[PDB]
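Derivation of every value follows stated rules applied to the coordinates shown; laboratory data play no part. Note that each Cβ is placed from the backbone with ideal geometry, even for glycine, and that neighbours are counted across all protein chains shown.
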Amino acid sequence: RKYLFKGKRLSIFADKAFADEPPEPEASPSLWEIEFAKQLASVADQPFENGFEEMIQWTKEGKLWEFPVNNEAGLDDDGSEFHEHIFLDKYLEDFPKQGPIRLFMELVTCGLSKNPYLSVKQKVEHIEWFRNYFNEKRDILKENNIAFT
Amino acid sequence: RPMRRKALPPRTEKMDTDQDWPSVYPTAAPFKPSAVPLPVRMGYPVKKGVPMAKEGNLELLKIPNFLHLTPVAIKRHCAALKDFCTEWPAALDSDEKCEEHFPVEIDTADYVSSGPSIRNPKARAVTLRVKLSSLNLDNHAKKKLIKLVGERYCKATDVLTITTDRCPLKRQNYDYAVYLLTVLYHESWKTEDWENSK
Amino acid sequence: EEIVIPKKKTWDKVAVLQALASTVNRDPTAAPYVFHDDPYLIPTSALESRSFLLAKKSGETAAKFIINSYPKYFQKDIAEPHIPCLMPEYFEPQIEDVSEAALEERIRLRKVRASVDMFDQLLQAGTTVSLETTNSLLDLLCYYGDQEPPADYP
Amino acid sequence: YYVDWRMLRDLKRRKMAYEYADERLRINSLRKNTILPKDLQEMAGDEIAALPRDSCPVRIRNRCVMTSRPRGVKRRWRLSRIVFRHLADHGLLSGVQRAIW
Amino acid sequence: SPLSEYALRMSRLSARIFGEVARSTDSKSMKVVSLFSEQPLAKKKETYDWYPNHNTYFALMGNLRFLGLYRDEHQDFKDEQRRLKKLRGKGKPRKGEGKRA
Amino acid sequence: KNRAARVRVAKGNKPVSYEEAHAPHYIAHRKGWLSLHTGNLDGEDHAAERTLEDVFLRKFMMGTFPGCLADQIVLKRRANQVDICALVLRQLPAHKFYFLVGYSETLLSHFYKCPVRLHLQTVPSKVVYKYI
Amino acid sequence: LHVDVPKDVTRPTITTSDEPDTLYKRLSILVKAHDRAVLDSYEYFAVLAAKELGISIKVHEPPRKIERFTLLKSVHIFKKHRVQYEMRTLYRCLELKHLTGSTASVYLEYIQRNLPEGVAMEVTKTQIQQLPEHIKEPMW
Ligand SMILES: [Mg+2]
C-alpha cells in the first residue's frame, strides 16, 4: 500500500544524466560553507568510548606520534638530494680556478659536504661569506701575488 | 551540616567470572583497584603482617601492568591485524637463495624513546653490504675494486661494506651509498694508462 | 627463475588503532569513558553526569584562558614533529596599516565591527577594494548579522 | 627570576655565543691552516679579537640548573651532586639506584 | 714503505670517489675540514638550552597563584613574615630615603 | 650517621607510608621508581630534560591539589604521552576534581607540547604502612 | 555484553597498491629496560604476537650493562666519605626473519605502541634488493 519507492513522484526535476557538473569548490570556502561543515561534525560528535578512540583522535590532530616510529617524520630538508649536499664545487666558480684560495676553499667545501647538521642553503651561505671576504681583501691578496675575481 | 560524598562500592563486585576481560582493559592504563577483580597484594610485609592490599597501593601503581595485554586479547588483536600482513615469497626459503636473487643488503635503524621529540641523530646512518661474487667483475676489475675500497672489503667473507652517514636524512644517505657502488664498479672496469706501471 | 614480490598493502596512519578498537566492546560494569574511573568520582545520578561534564569543560576553558592571555609563557616548542593544536591562539589583528590587505585579515579573523571601521576608512580614502574582498566582508556581516561572534570571557 | 646573578650572566654568554658561532667559525677557519698568506691570517687574528668577549665560547660554565652551583655538576642531568642526591635517594630519578657490590 | 706511483694514483682515485681530501694536506690545514664538518659547541642544543627558562616558570606560577588556581606555601609563608615584620617597624625603606642621606 | 631520605624514629606515634618507611638503599629492592622514562637507559638522550620536567610536574600537582595528595605522584612516559597517577584524599567535592583535572591536563599539554592525562585514585585516608 | 552486541563492526580500509613490497631478510629489535621482569612480559607478548601473525622469531639476552659513578656524600668537606650510584640496563633481542614491508610495519606498530614505560626499542631493519640496473651491465 504505502510503498516508499513505488508510486507517483513530483516529476518537477529530471533524471540527472549530468551529475555534479559544477565543482564542489566553485569558490574558496565561504564562511557559510565553512560553518555548516563544523555543524555537521557536531551532529556525529560523541565522547570517547575507550583509550583507542582517544588515541585515534590525538593522531588525527598530530598530538600523538605516528607508528611505526620514524625519527625523521616531517623532517625534509627542502627536498634536497645527496648530490646537492656532497658536490659543492659548482659554487666555487667565482673563486680563482687555481692557487692558494682554490686550495683553501677545497678544504672548506670538503667539510661542508661531510656536514649533516647544515642544509644546502646554510652550506651555500658559508661559501658566499668567503667570496665577499676575499673581495674586500683584494689589495692584501694582490701584494701576495694572488688575484681574486 | 556539611555533606561528605560517599564512594560507591567497587565495580569489581559486579564483574562476572565469565566476563570479557579485554573489554575491561582495552589499552595500557594504570592499575585501578576498583577495576581489577583480583585480591592482589604487594609490599614487603611487616613482622607478623601480610603484604599490603591493592586499595591505596602505590607500589602496584608504579608497576607497568600487562592487564591490557592478555593471552586472550593478543589472539583477538592479531586476528584483526592479519589483513595488513603480506606473504613472503616462498621461493626465497633460504639465506643463500636470497643472496642469489637479491645480493644487496641495506641496513636502516629506527629508535623508540620517551619524550616530546621523535628525533634521534643515529637514524640517518645507512650501511650497504654486497658480495663481490654477486658483482660481475673481471680479474682486473676485482683487483681494482678491492684496492680502492681499502678496509671496506673483507677477504674472509668477500663482502664490501659502504657506510654513509654524511647526509642529514636517511633517504639521502641511502641514495648516496647506492651511488658509491655504481662509481666504484664502473671505475674498476675502466682501465687507465697509469695502471700499466704497477 | 625471477621471484614474484608481493604488492605492498597501504593503510592510513590510524588504520591499526581502528583495527584494535574493533575487537573490544563496551564494559557493562563501567561508566562512560569520559567519567573518571573511581568509585568516588563516578556519577551517581544524571545530574552529576551533566555537572561532572560541565566542571571538566569549565577547567578546560579556564586553562585555555590562561594560555591565550599570557601566551609568552606557552611559546617554547619542544615537540618534534611540531604540534599546531598545542600552541597559543591569537585572534586580534596585528596588521596596523589601513589597506585592503588589513581589511582582509580582520575578515579572516571574523571581527565584525573592526572590519566595518576599516572598510569605511578605506572608502573614506577612496582606495580600491576588490569585489571579492567586499563579498568576504558581507559574508561575515550577513552570517553574524552585524553582531560580534559569540564568545565567553571574564 | 633565575637562581642568582651568576646564572643570568652565564645565560647571556650562552645566547651571544650562539649568535656569533658562524662568524667565529668562518673567521677562525682562515687562521687554522697553512694555505693562506700570513698577512691575511694576521688580519683575521684581529677581527676575531674585535668580536665581543661574551661571544667567546670558553667563558661558558656549566652550573646546576636548579641551584646555580659552579662545580660538582653532572653533565647528563645538569644538576649538582647535592641536588642529584636528593632526587636519587627519593626514587624520583628513573632507573638510578644505590650501587651495592 | 714508500708509496709507488700506482699506490699514490689509486689513493687519489679513491679519495675522489669517497669525497675525501684529495691533495696532500698538512695536519694544520685539516682543521678547516673538521671545523666545517662538525657542529660548533655554541650551536649544540645542550649549550644554548642548558638552562630552563626560569623566568617562564617563576612568572607563570606567580600568575596562577594570583588567579587562585595554584597555591605557593613558600610564598604565603614569606607573605606573612613581611606582614609581621612591617608591623614591628622593620619594613623595607623607600628608595632614596634610606638611613644614609 | 646518614640523614638522607630517612624518616627517623619517633616514639611509636608517627604514621609513615610504605614509600616513606624505606630508606634509599631499598630502592630497586623493596620499593620501585616513582618516575619511569627511557632517558636514563644506556645510550639514551635527554635525561636532563626529563628530570627537570618531573620536578616541575611534582610541584605543579601539589599546588593544584593542595592538601589533597595522599602520597607522591607516579609519572609514566610512553612515546610522547605523559601520565600522572596520584593517590588523592576524598576531601574535595567530586565536581571540583573534574575541574582540576580538565585544567591541569590542558595547561600541562600546552606547556610541554605533549599529551598529558591525569589518573586519580581516591582513598578514604592516607594508608599507613607502620607506626614508627 | 550479554545481549547487546555490535552487528557489523567497521574495519579499516586496506588497499593493495601496485608498487612492489620491501623484503626484509632480518629485523633485529633490541629492547632495553632497567627491569628484567618487564622484558620477560614484553618478550612473551612479542613472541606470542609474532607467532600469531606467522612471523619467525628468535630471542636471546645480550649481556647487561651497569654504569656506576661516585659522588661526595657531604655538602661540605669530608672528602673520603662518598656515595655511589648505578644504573642497570637489561636487553632482550627479538630477531625476526623473512618479513615483507607490510608485515614489518604492522608488527612494529603493534609492539611499539605497547612498549611499557621505561623501555626503549632499537629496530635494525635489513632490506634486500636487486642490483642497480647500471651496475648490472658494465658500460664504458
Ligand atoms: Mg670552563
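Any residue in segment C:133-149 that is without any contact (Cβ under 8 Å) to a residue 60 or more places away in the chain, at positive phi, of a type outside the set (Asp, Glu) and loosely packed, with under 10 Cβ neighbours inside 10 Å?
yes
Can C:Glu2 be described as among the acidic types (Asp, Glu), part of a helix (DSSP H, G or I) and either free of Cβ contacts under 8 Å to residues at least 12 places away in the same chain or buried (at least 18 other Cβ atoms within 10 Å of the Cβ) (or both)?
Against the criterion (among the acidic types (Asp, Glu), part of a helix (DSSP H, G or I) and either free of Cβ contacts under 8 Å to residues at least 12 places away in the same chain or buried (at least 18 other Cβ atoms within 10 Å of the Cβ) (or both)), C:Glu2 does not qualify.
Taking the condition more than 7 Å from every other protein chain (Cβ to nearest Cβ), assigned to a loop (DSSP other than H, G, I, E, B) and more than 14 Å from the chain's Cα centre (by Cα), does F:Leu92 pass? The answer is yes for F:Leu92.
Just to be sure before I move on: is B:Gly115 free of Cβ contacts under 8 Å to residues at least 12 places away in the same chain, within 22 Å of the chain's Cα centre (by Cα) and at positive phi in the structure I sent?
yes
Per this entry, D:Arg78 is not counted among residues that are within 16 Å of the ligand (Cβ to nearest atom), within 14 Å of chain G (Cβ to nearest Cβ) and within 30 Å of C:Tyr73 (Cβ to Cβ).
Taking segment D:12-98 as the region of interest, the helices (runs of 4 or more DSSP H) fully inside it that hold 1 or more residues being without any contact (Cβ under 8 Å) to a residue 12 or more places away in the chain and over 30 Å from G:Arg88 (Cβ atoms) are D:21-29, D:38-50. Criterion first (in contact with an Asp or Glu (Cβ under 7 Å, 6 or more places away or on another chain) and either hydrophobic (A, V, I, L, M, F, W, C) or in contact (Cβ under 8 Å) with a residue 24 or more places away in the chain (or both)) does B:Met42 satisfy it? Against the criterion (in contact with an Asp or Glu (Cβ under 7 Å, 6 or more places away or on another chain) and either hydrophobic (A, V, I, L, M, F, W, C) or in contact (Cβ under 8 Å) with a residue 24 or more places away in the chain (or both)), B:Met42 qualifies. In the set (1) facing another protein chain (nearest Cβ under 8 Å); (2) crowded, with 18+ Cβ neighbours inside 10 Å; (3) of a type in the set (A, V, I, L, M), the condition left unmet by B:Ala91 is number (2).
Here B:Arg129 clears all of (1) out of contact with any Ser or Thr (no Cβ under 8 Å at 6 or more places or on another chain); (2) away from chain A (no Cβ under 14 Å); (3) of a type in the set (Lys, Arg) except the condition numbered (1). Within segment C:47-66, can one find any residue that is surrounded by 14 or more Cβ atoms within 10 Å (Cβ to Cβ), part of a loop (DSSP other than H, G, I, E, B) and in contact with a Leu (Cβ under 7 Å, 6 or more places away or on another chain)? Within segment C:47-66, none of the residues are surrounded by 14 or more Cβ atoms within 10 Å (Cβ to Cβ), part of a loop (DSSP other than H, G, I, E, B) and in contact with a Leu (Cβ under 7 Å, 6 or more places away or on another chain).
Rundown of residues vs (1) away from the ligand (no atom under 16 Å from the Cβ); (2) within 14 Å of chain G (Cβ to nearest Cβ); (3) among the small types (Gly, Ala, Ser), yes/no style:
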{"position": "D:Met7", "(1), (2), (3)": "no, no, no"}
{"position": "D:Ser55", "(1), (2), (3)": "no, no, yes"}
{"position": "D:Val65", "(1), (2), (3)": "yes, no, no"}
{"position": "D:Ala88", "(1), (2), (3)": "yes, yes, yes"}
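Against the numbered list (1) more than 24 Å from G:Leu108 (Cβ to Cβ); (2) in a helix (DSSP H, G or I), B:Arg171 comes up short only at (1).
Is there a residue being within 16 Å of the ligand (Cβ to nearest atom), farther than 30 Å from F:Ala21 by Cα and of a type outside the set (A, V, I, L, M) anywhere in segment D:42-52? Looking through segment D:42-52, none of the residues is within 16 Å of the ligand (Cβ to nearest atom), farther than 30 Å from F:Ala21 by Cα and of a type outside the set (A, V, I, L, M). Note on segment F:3-42: residues that are assigned to a loop (DSSP other than H, G, I, E, B), within 14 Å of chain G (Cβ to nearest Cβ) and in contact (Cβ under 8 Å) with a residue 12 or more places away in the chain total 8. Against the conditions (1) surrounded by 12 or more Cβ atoms within 10 Å (Cβ to Cβ); (2) more than 11 Å from chain A (Cβ to nearest Cβ); (3) over 37 Å from the mean Cα position of the chain (by Cα), E:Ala15 satisfies every one except (2).
Does G:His98 fit the bill of being in contact with a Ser or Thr (Cβ under 7 Å, 6 or more places away or on another chain) and surrounded by 15 or more Cβ atoms within 10 Å (Cβ to Cβ)?
Here the answer is yes, as G:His98 does meet what is asked.
Just to be sure I understand, how many residues within segment G:117-136 are at the interface with chain B (Cβ under 7 Å from one of its Cβ atoms) and either without any contact (Cβ under 8 Å) to a residue 24 or more places away in the chain or within 18 Å of C:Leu17 (Cβ to Cβ) (or both)? Here the count works out to 6. Screening the candidates F:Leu57, F:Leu75 for the property of being assigned to a strand (DSSP E or B), within 13 Å of the chain's Cα centre (by Cα) and more than 8 Å from every other protein chain (Cβ to nearest Cβ) yields one hit, F:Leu75.
Just give me the residues in segment A:31-61 being surrounded by 14 or more Cβ atoms within 10 Å (Cβ to Cβ) and more than 31 Å from the chain's Cα centre (by Cα), in sequence order. Those that are surrounded by 14 or more Cβ atoms within 10 Å (Cβ to Cβ) and more than 31 Å from the chain's Cα centre (by Cα): A:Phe48, A:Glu49, A:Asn50, A:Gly51. Taking the conditions (1) away from chain G (no Cβ under 14 Å); (2) among the aliphatic types (A, V, I, L, M); (3) part of a helix (DSSP H, G or I) in turn, D:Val3 satisfies each one other than (3). Restricting segment G:9-59 to residues that are of a type in the set (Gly, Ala, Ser), part of a helix (DSSP H, G or I) and more than 14 Å from chain C (Cβ to nearest Cβ), the residue that is surrounded by the most Cβ atoms within 10 Å (Cβ to Cβ) is G:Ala46.
Within segment C:97-125, residues that are among the acidic types (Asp, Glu) have Cβ atoms under 8 Å from residues that are assigned to a loop (DSSP other than H, G, I, E, B) in these pairs: C:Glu100/C:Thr127; C:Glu100/C:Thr128; C:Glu100/C:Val129; C:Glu100/C:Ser130; C:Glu105/C:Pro93; C:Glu105/C:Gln94; C:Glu105/C:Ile95, counting only partners at least 6 apart in sequence or on another chain. Scanning segment G:62-107 for residues being more than 12 Å from chain D (Cβ to nearest Cβ) and either out of contact with any strand residue (DSSP E or B) (no Cβ under 9 Å at 6 or more places or on another chain) or outside any strand (DSSP E or B) (or both) gives a total of 15. Among the residues of segment F:46-67, write down those that are among the acidic types (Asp, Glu) and closer than 15 Å to F:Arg78 by Cα. Answer for segment F:46-67, where residues must be among the acidic types (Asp, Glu) and closer than 15 Å to F:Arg78 by Cα: F:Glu53, F:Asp54.
Tell me the residue from B:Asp16, B:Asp20 that is acidic (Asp, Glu) and within 14 Å of chain A (Cβ to nearest Cβ), please.
Numbers: B:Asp16 fails: within 14 Å of chain A (Cβ to nearest Cβ).
Going through B:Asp16, B:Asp20 in turn, just one is acidic (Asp, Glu) and within 14 Å of chain A (Cβ to nearest Cβ): B:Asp20.
Does segment F:98-119 contain any residue that is touching a strand residue (DSSP E or B) at 6+ places or on another chain (Cβ under 9 Å) and more than 12 Å from chain C (Cβ to nearest Cβ)? Among the residues of segment F:98-119, not one is touching a strand residue (DSSP E or B) at 6+ places or on another chain (Cβ under 9 Å) and more than 12 Å from chain C (Cβ to nearest Cβ), which makes the answer no. Of the residues making up segment B:57-88, those that are of a type in the set (A, V, I, L, M), outside any helix (DSSP H, G or I) and surrounded by fewer than 14 Cβ atoms within 10 Å (Cβ to Cβ) number 0. Only a single item in (1) within 16 Å of the ligand (Cβ to nearest atom); (2) buried (at least 18 other Cβ atoms within 10 Å of the Cβ) is not met by D:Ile35, and it is number (1).
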